[PDB]
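Shown next as structure tokens: one chain only, the form deposited in one PDB entry.
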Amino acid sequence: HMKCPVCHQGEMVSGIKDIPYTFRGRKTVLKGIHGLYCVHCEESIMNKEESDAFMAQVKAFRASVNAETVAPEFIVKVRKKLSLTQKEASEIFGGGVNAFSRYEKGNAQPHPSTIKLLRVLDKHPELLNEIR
């Protein structure tokens, strides 16, 4: 019987839980996480091994988001390579009104498909007619 050291009310019981996690505007569920969990406030306590498993999953998610994400500077370059204004690019690639104005200030993440479309248009500027 260990009492939760955060809420000081509930009991910590060992279990396996799926943990929601958001990083750089991307969401995931960290699946099958072993640890002690407070029945009252859901605070988690992980031993050395459990923490290793958890952090490997967290860091694999971060690595993948970072590799997929593109710099504001890349977005501008691809847009300028296509001689598009921010408004035309938002319309052509997607994202809504002011999408590219926000993307280029580093103030928003494009949808994964917008990023990928940008990556393809970077290498294939001739495809612009197919998407406009």
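All residue numbers refer to positions in the sequence shown, first residue = 1.
The protein also exists as the form deposited in another entry; that form is not presented, and the subsequent description refers to it.
In this comparison between this form and the one not shown, the rigid parts meet at a hinge, and the single option from 53, 68, 95, 36 located at it is 68. In the other form, the Cα positions of residue 59 and residue 108 lie at least 3 Å nearer to each other than in the form displayed.
One change in the other form concerns residue 26 and residue 115, whose Cα atoms lie at least 3 Å farther apart than in this form.
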